[PDB]
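J.: Input query-v2.json, format and content: JSON, C-alpha atoms.
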```json
[["chain", "number", "residue", "atom", "x", "y", "z"],
["A", 1, "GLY", "CA", -24.82, 34.64, -0.06],
["A", 2, "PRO", "CA", -24.40, 38.10, -1.63],
["A", 3, "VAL", "CA", -21.10, 39.95, -1.22],
["A", 4, "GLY", "CA", -20.92, 43.75, -1.26],
["A", 5, "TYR", "CA", -23.52, 46.48, -0.77],
["A", 6, "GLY", "CA", -26.28, 43.89, -1.37],
["A", 7, "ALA", "CA", -24.96, 41.72, 1.49],
["A", 8, "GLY", "CA", -27.62, 40.29, 3.80],
["A", 9, "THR", "CA", -30.21, 40.06, 1.01],
["A", 10, "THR", "CA", -32.12, 36.79, 1.51],
["A", 11, "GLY", "CA", -35.12, 37.35, -0.80],
["A", 12, "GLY", "CA", -37.78, 34.74, -0.07],
["A", 13, "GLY", "CA", -35.31, 32.71, 2.00],
["A", 14, "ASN", "CA", -36.18, 29.08, 2.76],
["A", 15, "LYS", "CA", -39.85, 29.32, 1.73],
["A", 16, "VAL", "CA", -41.15, 26.44, -0.40],
["A", 17, "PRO", "CA", -40.75, 27.57, -4.06],
["A", 18, "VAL", "CA", -43.83, 28.30, -6.16],
["A", 19, "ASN", "CA", -43.32, 26.77, -9.61],
["A", 20, "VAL", "CA", -44.16, 29.26, -12.37],
["A", 21, "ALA", "CA", -43.93, 28.11, -16.00],
["A", 22, "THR", "CA", -44.82, 31.43, -17.61],
["A", 23, "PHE", "CA", -44.57, 35.21, -17.55],
["A", 24, "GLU", "CA", -48.26, 35.36, -16.51],
["A", 25, "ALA", "CA", -47.96, 32.72, -13.77],
["A", 26, "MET", "CA", -45.04, 34.63, -12.23],
["A", 27, "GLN", "CA", -47.01, 37.90, -12.20],
["A", 28, "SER", "CA", -50.10, 36.20, -10.75],
["A", 29, "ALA", "CA", -48.03, 34.76, -7.88],
["A", 30, "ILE", "CA", -46.53, 38.20, -7.18],
["A", 31, "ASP", "CA", -50.00, 39.82, -7.34],
["A", 32, "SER", "CA", -51.44, 37.29, -4.85],
["A", 33, "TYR", "CA", -48.49, 37.69, -2.45],
["A", 34, "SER", "CA", -49.16, 39.71, 0.73],
["A", 35, "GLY", "CA", -46.01, 41.81, 0.17],
["A", 36, "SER", "CA", -43.77, 40.59, 3.01],
["A", 37, "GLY", "CA", -42.70, 37.44, 4.87],
["A", 38, "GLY", "CA", -41.15, 35.66, 1.89],
["A", 39, "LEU", "CA", -42.00, 34.44, -1.61],
["A", 40, "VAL", "CA", -39.81, 32.12, -3.70],
["A", 41, "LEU", "CA", -40.56, 31.71, -7.39],
["A", 42, "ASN", "CA", -39.09, 28.83, -9.37],
["A", 43, "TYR", "CA", -39.25, 29.81, -13.05],
["A", 44, "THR", "CA", -39.40, 26.69, -15.24],
["A", 45, "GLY", "CA", -40.32, 28.15, -18.65],
["A", 46, "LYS", "CA", -38.00, 27.37, -21.55],
["A", 47, "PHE", "CA", -38.35, 30.02, -24.24],
["A", 48, "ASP", "CA", -36.90, 28.91, -27.58],
["A", 49, "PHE", "CA", -34.96, 31.91, -28.90],
["A", 50, "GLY", "CA", -34.88, 30.28, -32.36],
["A", 51, "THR", "CA", -38.55, 31.30, -32.68],
["A", 52, "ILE", "CA", -37.32, 34.88, -33.19],
["A", 53, "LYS", "CA", -36.47, 34.86, -36.91],
["A", 54, "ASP", "CA", -35.94, 38.62, -37.13],
["A", 55, "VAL", "CA", -34.07, 40.51, -34.39],
["A", 56, "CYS", "CA", -35.65, 43.71, -35.75],
["A", 57, "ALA", "CA", -39.22, 42.53, -35.09],
["A", 58, "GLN", "CA", -38.76, 43.05, -31.35],
["A", 59, "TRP", "CA", -38.61, 46.85, -30.93],
["A", 60, "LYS", "CA", -41.96, 47.20, -32.72],
["A", 61, "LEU", "CA", -43.77, 44.92, -30.24],
["A", 62, "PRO", "CA", -45.03, 45.75, -26.72],
["A", 63, "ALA", "CA", -42.76, 44.89, -23.78],
["A", 64, "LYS", "CA", -43.30, 41.76, -21.68],
["A", 65, "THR", "CA", -42.29, 42.66, -18.13],
["A", 66, "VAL", "CA", -42.90, 41.10, -14.71],
["A", 67, "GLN", "CA", -43.41, 43.74, -12.00],
["A", 68, "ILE", "CA", -42.52, 43.48, -8.32],
["A", 69, "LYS", "CA", -44.08, 46.68, -6.99],
["A", 70, "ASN", "CA", -44.18, 47.69, -3.31],
["A", 71, "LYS", "CA", -43.51, 44.10, -2.22],
["A", 72, "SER", "CA", -40.56, 42.67, -0.29],
["A", 73, "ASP", "CA", -38.75, 39.42, 0.55],
["A", 74, "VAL", "CA", -38.92, 37.92, -2.95],
["A", 75, "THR", "CA", -36.71, 35.44, -4.77],
["A", 76, "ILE", "CA", -37.04, 35.05, -8.53],
["A", 77, "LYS", "CA", -34.89, 32.08, -9.50],
["A", 78, "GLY", "CA", -34.59, 30.44, -12.90],
["A", 79, "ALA", "CA", -34.45, 26.65, -12.93],
["A", 80, "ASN", "CA", -31.48, 25.11, -14.74],
["A", 81, "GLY", "CA", -32.12, 25.30, -18.48],
["A", 82, "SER", "CA", -34.88, 27.91, -18.10],
["A", 83, "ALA", "CA", -35.08, 30.85, -20.50],
["A", 84, "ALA", "CA", -37.25, 33.98, -20.52],
["A", 85, "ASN", "CA", -38.39, 36.33, -23.27],
["A", 86, "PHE", "CA", -39.63, 38.75, -20.61],
["A", 87, "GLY", "CA", -37.93, 41.30, -18.34],
["A", 88, "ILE", "CA", -38.23, 41.99, -14.61],
["A", 89, "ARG", "CA", -38.93, 45.27, -12.85],
["A", 90, "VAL", "CA", -38.56, 46.06, -9.13],
["A", 91, "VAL", "CA", -40.21, 49.35, -8.23],
["A", 92, "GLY", "CA", -41.09, 51.61, -5.28],
["A", 93, "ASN", "CA", -41.17, 50.52, -1.64],
["A", 94, "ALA", "CA", -39.68, 47.11, -2.45],
["A", 95, "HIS", "CA", -36.86, 45.56, -0.42],
["A", 96, "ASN", "CA", -34.89, 42.30, -0.02],
["A", 97, "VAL", "CA", -35.20, 40.90, -3.54],
["A", 98, "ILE", "CA", -33.12, 38.25, -5.32],
["A", 99, "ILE", "CA", -33.09, 37.78, -9.09],
["A", 100, "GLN", "CA", -30.97, 34.72, -9.88],
["A", 101, "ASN", "CA", -30.19, 32.17, -12.65],
["A", 102, "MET", "CA", -32.46, 33.83, -15.24],
["A", 103, "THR", "CA", -31.62, 33.73, -18.94],
["A", 104, "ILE", "CA", -33.20, 36.84, -20.46],
["A", 105, "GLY", "CA", -32.87, 37.40, -24.22],
["A", 106, "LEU", "CA", -34.01, 39.44, -27.22],
["A", 107, "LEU", "CA", -36.83, 41.29, -25.46],
["A", 108, "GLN", "CA", -39.73, 43.07, -27.15],
["A", 109, "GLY", "CA", -40.34, 46.77, -26.55],
["A", 110, "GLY", "CA", -37.32, 48.65, -27.92],
["A", 111, "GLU", "CA", -36.77, 51.55, -25.53],
["A", 112, "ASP", "CA", -39.16, 49.67, -23.20],
["A", 113, "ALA", "CA", -37.23, 46.38, -23.47],
["A", 114, "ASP", "CA", -35.56, 46.54, -20.03],
["A", 115, "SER", "CA", -34.14, 43.20, -18.88],
["A", 116, "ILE", "CA", -33.64, 43.81, -15.16],
["A", 117, "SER", "CA", -34.76, 47.21, -13.89],
["A", 118, "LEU", "CA", -34.72, 48.61, -10.36],
["A", 119, "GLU", "CA", -36.49, 51.93, -9.81],
["A", 120, "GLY", "CA", -37.35, 54.32, -7.03],
["A", 121, "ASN", "CA", -40.50, 56.42, -7.25],
["A", 122, "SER", "CA", -42.64, 58.72, -5.06],
["A", 123, "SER", "CA", -43.68, 55.70, -2.94],
["A", 124, "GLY", "CA", -40.10, 54.66, -2.08],
["A", 125, "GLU", "CA", -36.78, 53.32, -3.35],
["A", 126, "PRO", "CA", -35.78, 49.63, -3.64],
["A", 127, "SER", "CA", -32.96, 48.43, -1.36],
["A", 128, "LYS", "CA", -31.11, 45.19, -0.56],
["A", 129, "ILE", "CA", -31.31, 43.76, -4.08],
["A", 130, "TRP", "CA", -29.18, 40.86, -5.33],
["A", 131, "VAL", "CA", -28.92, 40.44, -9.10],
["A", 132, "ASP", "CA", -26.84, 37.26, -9.39],
["A", 133, "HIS", "CA", -25.85, 34.60, -11.97],
["A", 134, "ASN", "CA", -28.15, 35.83, -14.73],
["A", 135, "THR", "CA", -27.41, 35.76, -18.47],
["A", 136, "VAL", "CA", -28.68, 38.77, -20.44],
["A", 137, "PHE", "CA", -28.38, 39.10, -24.23],
["A", 138, "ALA", "CA", -29.87, 40.83, -27.28],
["A", 139, "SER", "CA", -28.30, 42.10, -30.51],
["A", 140, "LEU", "CA", -25.94, 44.90, -31.54],
["A", 141, "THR", "CA", -27.96, 45.40, -34.73],
["A", 142, "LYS", "CA", -29.39, 48.90, -35.18],
["A", 143, "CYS", "CA", -32.82, 48.26, -36.67],
["A", 144, "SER", "CA", -34.35, 50.38, -39.42],
["A", 145, "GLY", "CA", -36.61, 53.08, -37.96],
["A", 146, "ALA", "CA", -35.90, 52.10, -34.33],
["A", 147, "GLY", "CA", -33.90, 55.25, -33.58],
["A", 148, "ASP", "CA", -31.30, 54.50, -30.91],
["A", 149, "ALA", "CA", -33.55, 51.90, -29.30],
["A", 150, "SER", "CA", -33.68, 48.47, -30.97],
["A", 151, "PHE", "CA", -33.39, 47.16, -27.40],
["A", 152, "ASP", "CA", -33.07, 48.78, -23.94],
["A", 153, "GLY", "CA", -31.12, 48.36, -20.68],
["A", 154, "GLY", "CA", -29.56, 45.19, -19.32],
["A", 155, "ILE", "CA", -29.17, 45.60, -15.57],
["A", 156, "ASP", "CA", -30.45, 49.05, -14.63],
["A", 157, "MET", "CA", -31.23, 51.11, -11.55],
["A", 158, "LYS", "CA", -32.41, 54.70, -11.08],
["A", 159, "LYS", "CA", -34.00, 57.25, -8.73],
["A", 160, "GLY", "CA", -32.20, 56.24, -5.53],
["A", 161, "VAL", "CA", -32.10, 52.45, -5.49],
["A", 162, "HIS", "CA", -29.48, 51.64, -2.84],
["A", 163, "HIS", "CA", -27.47, 48.73, -1.38],
["A", 164, "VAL", "CA", -27.32, 46.38, -4.34],
["A", 165, "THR", "CA", -24.97, 43.61, -5.43],
["A", 166, "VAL", "CA", -24.73, 42.87, -9.15],
["A", 167, "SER", "CA", -22.61, 39.70, -9.27],
["A", 168, "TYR", "CA", -21.64, 36.83, -11.60],
["A", 169, "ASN", "CA", -23.89, 38.02, -14.44],
["A", 170, "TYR", "CA", -23.13, 37.41, -18.10],
["A", 171, "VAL", "CA", -24.12, 40.21, -20.48],
["A", 172, "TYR", "CA", -23.29, 39.76, -24.16],
["A", 173, "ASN", "CA", -24.40, 41.00, -27.61],
["A", 174, "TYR", "CA", -25.90, 43.98, -25.81],
["A", 175, "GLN", "CA", -25.69, 47.70, -26.61],
["A", 176, "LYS", "CA", -26.41, 49.36, -23.25],
["A", 177, "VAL", "CA", -25.36, 47.12, -20.38],
["A", 178, "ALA", "CA", -25.96, 48.83, -17.04],
["A", 179, "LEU", "CA", -27.51, 52.16, -16.11],
["A", 180, "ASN", "CA", -27.12, 53.64, -12.64],
["A", 181, "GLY", "CA", -28.93, 57.00, -12.50],
["A", 182, "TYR", "CA", -31.17, 57.85, -15.44],
["A", 183, "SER", "CA", -30.32, 61.52, -16.07],
["A", 184, "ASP", "CA", -28.22, 64.42, -14.75],
["A", 185, "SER", "CA", -31.32, 65.55, -12.80],
["A", 186, "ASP", "CA", -31.56, 62.19, -10.95],
["A", 187, "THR", "CA", -30.12, 63.70, -7.75],
["A", 188, "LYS", "CA", -31.83, 61.06, -5.56],
["A", 189, "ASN", "CA", -29.25, 58.65, -7.02],
["A", 190, "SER", "CA", -26.65, 60.14, -4.64],
["A", 191, "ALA", "CA", -27.94, 57.44, -2.26],
["A", 192, "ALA", "CA", -26.91, 54.64, -4.65],
["A", 193, "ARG", "CA", -24.48, 52.11, -3.18],
["A", 194, "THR", "CA", -23.69, 49.38, -5.70],
["A", 195, "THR", "CA", -21.21, 46.52, -5.90],
["A", 196, "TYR", "CA", -20.55, 45.10, -9.38],
["A", 197, "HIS", "CA", -18.35, 42.00, -9.17],
["A", 198, "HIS", "CA", -17.38, 38.87, -11.12],
["A", 199, "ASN", "CA", -19.58, 39.91, -14.05],
["A", 200, "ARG", "CA", -18.77, 38.95, -17.65],
["A", 201, "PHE", "CA", -19.18, 41.79, -20.15],
["A", 202, "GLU", "CA", -18.47, 40.64, -23.70],
["A", 203, "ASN", "CA", -19.35, 41.99, -27.17],
["A", 204, "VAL", "CA", -21.14, 45.02, -25.73],
["A", 205, "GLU", "CA", -21.08, 48.73, -26.61],
["A", 206, "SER", "CA", -21.48, 51.05, -23.60],
["A", 207, "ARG", "CA", -22.74, 51.67, -20.04],
["A", 208, "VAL", "CA", -20.51, 49.13, -18.28],
["A", 209, "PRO", "CA", -21.80, 50.66, -16.00],
["A", 210, "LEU", "CA", -22.96, 54.19, -16.71],
["A", 211, "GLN", "CA", -22.84, 55.64, -13.19],
["A", 212, "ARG", "CA", -24.47, 58.93, -12.22],
["A", 213, "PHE", "CA", -23.97, 60.07, -8.59],
["A", 214, "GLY", "CA", -23.50, 57.76, -5.59],
["A", 215, "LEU", "CA", -20.74, 55.29, -4.75],
["A", 216, "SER", "CA", -19.84, 52.05, -6.47],
["A", 217, "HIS", "CA", -17.37, 49.21, -6.06],
["A", 218, "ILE", "CA", -16.51, 47.57, -9.38],
["A", 219, "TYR", "CA", -14.16, 44.60, -8.88],
["A", 220, "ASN", "CA", -13.17, 41.25, -10.46],
["A", 221, "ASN", "CA", -15.20, 41.91, -13.63],
["A", 222, "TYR", "CA", -14.04, 40.71, -17.06],
["A", 223, "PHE", "CA", -14.38, 43.08, -20.03],
["A", 224, "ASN", "CA", -13.85, 41.92, -23.61],
["A", 225, "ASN", "CA", -14.91, 43.54, -26.90],
["A", 226, "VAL", "CA", -16.47, 46.68, -25.41],
["A", 227, "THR", "CA", -16.61, 48.96, -28.41],
["A", 228, "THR", "CA", -17.78, 52.46, -27.35],
["A", 229, "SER", "CA", -16.95, 52.92, -23.66],
["A", 230, "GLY", "CA", -16.68, 50.86, -20.47],
["A", 231, "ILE", "CA", -17.05, 52.21, -16.94],
["A", 232, "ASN", "CA", -18.49, 55.72, -17.30],
["A", 233, "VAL", "CA", -18.54, 57.62, -14.00],
["A", 234, "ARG", "CA", -20.51, 60.87, -14.03],
["A", 235, "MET", "CA", -22.24, 63.58, -11.95],
["A", 236, "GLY", "CA", -19.85, 63.50, -8.97],
["A", 237, "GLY", "CA", -20.15, 59.72, -8.62],
["A", 238, "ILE", "CA", -17.11, 57.86, -7.30],
["A", 239, "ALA", "CA", -16.17, 54.31, -8.31],
["A", 240, "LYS", "CA", -13.66, 52.06, -6.57],
["A", 241, "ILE", "CA", -12.37, 50.11, -9.58],
["A", 242, "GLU", "CA", -10.36, 47.14, -8.34],
["A", 243, "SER", "CA", -8.77, 43.97, -9.78],
["A", 244, "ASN", "CA", -10.77, 43.87, -13.02],
["A", 245, "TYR", "CA", -9.56, 42.25, -16.26],
["A", 246, "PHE", "CA", -9.70, 44.60, -19.27],
["A", 247, "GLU", "CA", -9.01, 43.64, -22.90],
["A", 248, "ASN", "CA", -10.25, 44.67, -26.37],
["A", 249, "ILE", "CA", -12.03, 47.69, -24.87],
["A", 250, "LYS", "CA", -12.44, 51.31, -25.93],
["A", 251, "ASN", "CA", -12.52, 53.94, -23.16],
["A", 252, "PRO", "CA", -12.45, 51.31, -20.36],
["A", 253, "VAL", "CA", -12.53, 53.94, -17.60],
["A", 254, "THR", "CA", -13.95, 57.33, -18.53],
["A", 255, "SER", "CA", -16.20, 60.24, -17.57],
["A", 256, "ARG", "CA", -18.18, 61.74, -20.46],
["A", 257, "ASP", "CA", -21.47, 63.34, -21.62],
["A", 258, "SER", "CA", -22.69, 64.69, -18.27],
["A", 259, "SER", "CA", -22.71, 68.32, -17.09],
["A", 260, "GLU", "CA", -20.24, 67.31, -14.35],
["A", 261, "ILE", "CA", -17.56, 64.60, -14.26],
["A", 262, "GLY", "CA", -17.28, 61.53, -12.02],
["A", 263, "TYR", "CA", -14.20, 60.11, -10.29],
["A", 264, "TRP", "CA", -12.38, 56.81, -9.74],
["A", 265, "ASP", "CA", -10.10, 55.00, -7.30],
["A", 266, "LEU", "CA", -8.01, 52.54, -9.34],
["A", 267, "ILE", "CA", -6.04, 49.62, -7.86],
["A", 268, "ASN", "CA", -4.67, 46.28, -9.13],
["A", 269, "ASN", "CA", -6.55, 46.24, -12.46],
["A", 270, "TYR", "CA", -5.27, 43.81, -15.10],
["A", 271, "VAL", "CA", -4.85, 45.74, -18.35],
["A", 272, "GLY", "CA", -4.49, 43.40, -21.34],
["A", 273, "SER", "CA", -4.09, 43.94, -25.08],
["A", 274, "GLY", "CA", -6.40, 45.95, -27.36],
["A", 275, "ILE", "CA", -7.06, 48.96, -25.14],
["A", 276, "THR", "CA", -8.11, 51.97, -27.23],
["A", 277, "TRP", "CA", -9.22, 55.51, -26.40],
["A", 278, "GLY", "CA", -11.35, 58.21, -28.03],
["A", 279, "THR", "CA", -12.55, 61.79, -27.54],
["A", 280, "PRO", "CA", -16.31, 62.27, -27.07],
["A", 281, "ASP", "CA", -18.33, 64.36, -29.55],
["A", 282, "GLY", "CA", -19.77, 67.45, -27.87],
["A", 283, "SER", "CA", -18.74, 70.36, -25.65],
["A", 284, "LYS", "CA", -19.14, 68.84, -22.16],
["A", 285, "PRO", "CA", -16.05, 68.15, -19.98],
["A", 286, "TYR", "CA", -14.53, 64.65, -20.10],
["A", 287, "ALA", "CA", -11.75, 62.46, -18.69],
["A", 288, "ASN", "CA", -9.98, 59.31, -19.91],
["A", 289, "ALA", "CA", -7.96, 57.13, -17.51],
["A", 290, "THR", "CA", -5.27, 56.64, -20.18],
["A", 291, "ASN", "CA", -2.52, 56.08, -17.59],
["A", 292, "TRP", "CA", -4.75, 54.32, -15.03],
["A", 293, "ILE", "CA", -4.26, 56.98, -12.35],
["A", 294, "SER", "CA", -6.86, 57.54, -9.60],
["A", 295, "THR", "CA", -8.82, 60.82, -9.72],
["A", 296, "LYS", "CA", -10.31, 60.50, -6.22],
["A", 297, "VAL", "CA", -9.83, 58.35, -3.13],
["A", 298, "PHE", "CA", -12.95, 56.37, -2.17],
["A", 299, "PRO", "CA", -14.42, 58.73, 0.47],
["A", 300, "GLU", "CA", -15.63, 56.18, 3.06],
["A", 301, "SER", "CA", -15.39, 52.61, 4.32],
["A", 302, "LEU", "CA", -17.23, 50.09, 2.13],
["A", 303, "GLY", "CA", -18.57, 48.60, 5.36],
["A", 304, "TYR", "CA", -18.32, 45.02, 4.10],
["A", 305, "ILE", "CA", -15.85, 42.15, 3.71],
["A", 306, "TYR", "CA", -14.86, 40.80, 0.28],
["A", 307, "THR", "CA", -12.41, 38.29, -1.23],
["A", 308, "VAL", "CA", -10.55, 39.48, -4.32],
["A", 309, "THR", "CA", -9.68, 37.09, -7.13],
["A", 310, "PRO", "CA", -6.14, 37.93, -8.30],
["A", 311, "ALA", "CA", -6.69, 40.21, -11.30],
["A", 312, "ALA", "CA", -4.81, 38.05, -13.83],
["A", 313, "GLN", "CA", -7.01, 35.07, -12.88],
["A", 314, "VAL", "CA", -10.28, 37.05, -13.29],
["A", 315, "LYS", "CA", -10.74, 36.22, -17.01],
["A", 316, "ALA", "CA", -10.64, 32.45, -16.37],
["A", 317, "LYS", "CA", -12.60, 32.66, -13.09],
["A", 318, "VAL", "CA", -15.40, 34.79, -14.59],
["A", 319, "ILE", "CA", -15.66, 32.69, -17.77],
["A", 320, "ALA", "CA", -16.02, 29.63, -15.50],
["A", 321, "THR", "CA", -18.56, 31.08, -13.04],
["A", 322, "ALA", "CA", -20.54, 33.97, -14.61],
["A", 323, "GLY", "CA", -24.09, 33.65, -15.94],
["A", 324, "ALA", "CA", -27.06, 31.31, -15.62],
["A", 325, "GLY", "CA", -26.73, 27.52, -15.85],
["A", 326, "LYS", "CA", -23.49, 27.53, -13.85],
["A", 327, "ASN", "CA", -25.04, 26.15, -10.64],
["A", 328, "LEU", "CA", -24.33, 29.54, -8.99],
["A", 329, "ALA", "CA", -20.58, 28.74, -8.96],
["A", 330, "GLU", "CA", -18.30, 31.32, -7.31]]
```
Kindly transcribe the structure held in the file into structure tokens.
T.:
Amino acid sequence: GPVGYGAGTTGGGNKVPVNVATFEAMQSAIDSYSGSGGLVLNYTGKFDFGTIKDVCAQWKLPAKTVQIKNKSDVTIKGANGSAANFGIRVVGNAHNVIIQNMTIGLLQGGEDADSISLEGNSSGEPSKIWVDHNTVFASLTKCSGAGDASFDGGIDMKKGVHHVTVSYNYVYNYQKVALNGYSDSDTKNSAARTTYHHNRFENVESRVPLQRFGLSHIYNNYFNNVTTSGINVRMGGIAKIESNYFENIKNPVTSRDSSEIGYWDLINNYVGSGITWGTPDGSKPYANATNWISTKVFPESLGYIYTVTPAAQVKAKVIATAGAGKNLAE
């Protein structure tokens, strides 16, 4: 089961899985679903990524995105060996959702190419979400004419999504990994309570995660080849950053580019070789955790039980367990 703020999430539970071979079949099954009681989707499609001969063709094309909107008690689970060239969106009054064992790569849509997106709106805010053992990848290439958006977000949430565990995911060859709060005006995101643990972040650029407002617990994650910035805490957000494994990373723990800074509680982090630091371009206030000193104590009890992997062992543990196709190993 899920550990952290997403604890108790069961999704569709023990319901007999509905086999869905395609993007369209998955959507149809969601559309037909009453909205509560339980739905389990077994995704069996095997997208061949070799069919994409030009990484820069993607941003120009419309997005392919499955929507779970105002529906609850849903499991989306990739079968072993399954692969998707479509993203997933959970929006509005939608609760108790599991997204697990999906391999999501090289999505169409550019700025609209969101891999896993959780979003509150005027109808409500998603809660009790478990994003677990997924593999998410794209390209670091900056395509001609695409602006800043050859691809979009990896594992994102905004507008007050709360009580979420993001665990054992593998995100690689990806520019913008994880958004948490979409802008400095996203004040509803003060309700965000997110646990990021045992994730593998490798050959990525930034937003690992980008946190605006709320509280987070970021523990037992492995960072390698993160080239712009790592954990970016902003807008009064506080992150408990515990027993992670950092190496070959620029600005691993920082606060930058918001009108107001965010804070961190640092304990037992493994700091390896290849740590670099930089000063952000602009006028806004910033902070770099150059000496790994805490800027705020985590203001409240987490309210859950968790087992920490010894920090030095995190690299090996995460490599062994993170991502899809790992039989959900922990």
J.: Need to verify the contact set: residue 281 of chain A, 10 Å, all atoms listed in the file, exclusion of same-chain residues closer than 2 positions in sequence. Can you return it as a list in words?
T.: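 Everything that qualifies: residues 256, 257, 278, 279, 283 and 284 of chain A.
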J.: Please list as a list in words every residue within 9 Å of residue 222 of chain A, counting all atoms listed in the file and excluding residues in the same chain fewer than 3 positions away.
T.: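 Contacts, in chain order: residues 198, 199, 200, 201, 202, 244, 245, 246, 247, 314, 315, 316, 318 and 319 of chain A.
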J.: Let me see the file: selected residues, C-alpha atoms, as a PDB file, in the frame of the given file.
T.:
```pdb
ATOM      1  CA  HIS A 198     -17.380  38.870 -11.120  1.00  0.00           C
ATOM      2  CA  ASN A 199     -19.580  39.910 -14.050  1.00  0.00           C
ATOM      3  CA  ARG A 200     -18.770  38.950 -17.650  1.00  0.00           C
ATOM      4  CA  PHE A 201     -19.180  41.790 -20.150  1.00  0.00           C
ATOM      5  CA  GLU A 202     -18.470  40.640 -23.700  1.00  0.00           C
ATOM      6  CA  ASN A 244     -10.770  43.870 -13.020  1.00  0.00           C
ATOM      7  CA  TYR A 245      -9.560  42.250 -16.260  1.00  0.00           C
ATOM      8  CA  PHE A 246      -9.700  44.600 -19.270  1.00  0.00           C
ATOM      9  CA  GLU A 247      -9.010  43.640 -22.900  1.00  0.00           C
ATOM     10  CA  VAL A 314     -10.280  37.050 -13.290  1.00  0.00           C
ATOM     11  CA  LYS A 315     -10.740  36.220 -17.010  1.00  0.00           C
ATOM     12  CA  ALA A 316     -10.640  32.450 -16.370  1.00  0.00           C
ATOM     13  CA  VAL A 318     -15.400  34.790 -14.590  1.00  0.00           C
ATOM     14  CA  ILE A 319     -15.660  32.690 -17.770  1.00  0.00           C
TER      15      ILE A 319
END
```
J.: Taking only residues of segment 200-310 of chain A that have an atom at most 9 Å from an atom of segment 180-192 of chain A, what is each one's shortest atom pair and its distance in Å to one decimal, using only C-alpha atoms, in chain and number order, as a Markdown table?
T.:
```
| residue | atom | partner | partner_atom | distance |
| --- | --- | --- | --- | --- |
| A:207 | CA | A:180 | CA | 8.8 |
| A:209 | CA | A:180 | CA | 7.0 |
| A:210 | CA | A:180 | CA | 5.8 |
| A:211 | CA | A:180 | CA | 4.8 |
| A:212 | CA | A:181 | CA | 4.9 |
| A:213 | CA | A:190 | CA | 4.8 |
| A:214 | CA | A:190 | CA | 4.1 |
| A:215 | CA | A:192 | CA | 6.2 |
| A:216 | CA | A:192 | CA | 7.7 |
| A:234 | CA | A:184 | CA | 8.5 |
| A:235 | CA | A:184 | CA | 6.7 |
| A:236 | CA | A:190 | CA | 8.7 |
| A:237 | CA | A:190 | CA | 7.6 |
| A:258 | CA | A:184 | CA | 6.6 |
| A:259 | CA | A:184 | CA | 7.1 |
| A:260 | CA | A:184 | CA | 8.5 |
```
J.: Could you check which of A:220, A:243, A:67, A:195 is closest to residue 304 of chain A, using all atoms listed in the file?
T.: A:195
J.: Write out as a ChimeraX atom specification each polymer residue whose atoms come within 7 Å of residue 229 of chain A, counting all atoms listed in the file; drop sequence neighbours fewer than 2 positions from it.
T.: /A:205-207,226-227,231,250-252
J.: Find the spatial neighbours of residue 225 of chain A, counting all atoms listed in the file, within a cut-off of 7 Å - ignore same-chain residues fewer than 3 positions away - and output them as a ChimeraX atom specification.
T.: /A:202-204,248-249
J.: Can you tell me which residues surround residue 60 of chain A at a distance of at most 8 Å, considering only C-alpha atoms, apart from same-chain residues fewer than 4 positions away, and format the answer as a list in words?
T.: residues 56, 108, 109, 110 and 146 of chain A
J.: Looking at all atoms listed in the file, which of A:72, A:9, A:58, A:14 is the one that sits closest to residue 164 of chain A?
T.: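 Looking only at the distances to residue 164 of chain A, the closest residue turns out to be A:9.
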J.: Work out how far apart atom CA of residue 137 of chain A and atom CA of residue 317 of chain A are and give it in Å to one decimal.
T.: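 That distance, rounded to one decimal, is 20.4 Å.
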J.: Go through A:173, A:103, A:27, A:313 one by one, measure the shortest atom-to-atom distance of each to residue 68 of chain A using all atoms listed in the file, and give the residue with the smallest value.
T.: A:27
J.: In terms of the shortest atom-to-atom distance over only C-alpha atoms, which of A:230, A:1, A:262, A:303 is closest to residue 275 of chain A?
T.: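 Answer, going by the shortest atom-to-atom distance: A:230.
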J.: Counting all atoms listed in the file, figure out which residue out of A:70, A:269, A:150, A:85 gets nearest to residue 308 of chain A.
T.: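 Among the listed residues, the smallest separation from residue 308 of chain A belongs to A:269.
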J.: Nearest residue to residue 166 of chain A out of A:134, A:276, A:288, A:122, using only C-alpha atoms?
T.: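 Closest to residue 166 of chain A, using only C-alpha atoms: A:134.
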J.: Centre and edge lengths, as JSON, for the axis-aligned box enclosing every listed atom of segment 114-117 of chain A with 6 Å of padding on each of the six sides, in Å to one decimal?
T.:
```
{"center_x": -34.6, "center_y": 45.2, "center_z": -17.0, "size_x": 13.9, "size_y": 16.0, "size_z": 18.1}
```
J.: Just to confirm, what's the straight-line distance from atom CA of residue 66 of chain A to atom CA of residue 88 of chain A in Å (one decimal)?
T.: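 Between atom CA of residue 66 of chain A and atom CA of residue 88 of chain A the gap is 4.8 Å.
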J.: Please work out which residues fall within 9 Å of (-39.3, 39.2, 5.8), coordinates as given in the file, with only C-alpha atoms counting, and return them as a PDB file with C-alpha atoms, in the coordinates of the input.
T.:
```pdb
ATOM      1  CA  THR A  10     -32.120  36.790   1.510  1.00  0.00           C
ATOM      2  CA  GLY A  11     -35.120  37.350  -0.800  1.00  0.00           C
ATOM      3  CA  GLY A  12     -37.780  34.740  -0.070  1.00  0.00           C
ATOM      4  CA  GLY A  13     -35.310  32.710   2.000  1.00  0.00           C
ATOM      5  CA  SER A  36     -43.770  40.590   3.010  1.00  0.00           C
ATOM      6  CA  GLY A  37     -42.700  37.440   4.870  1.00  0.00           C
ATOM      7  CA  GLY A  38     -41.150  35.660   1.890  1.00  0.00           C
ATOM      8  CA  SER A  72     -40.560  42.670  -0.290  1.00  0.00           C
ATOM      9  CA  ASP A  73     -38.750  39.420   0.550  1.00  0.00           C
ATOM     10  CA  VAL A  74     -38.920  37.920  -2.950  1.00  0.00           C
ATOM     11  CA  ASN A  96     -34.890  42.300  -0.020  1.00  0.00           C
TER      12      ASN A  96
END
```
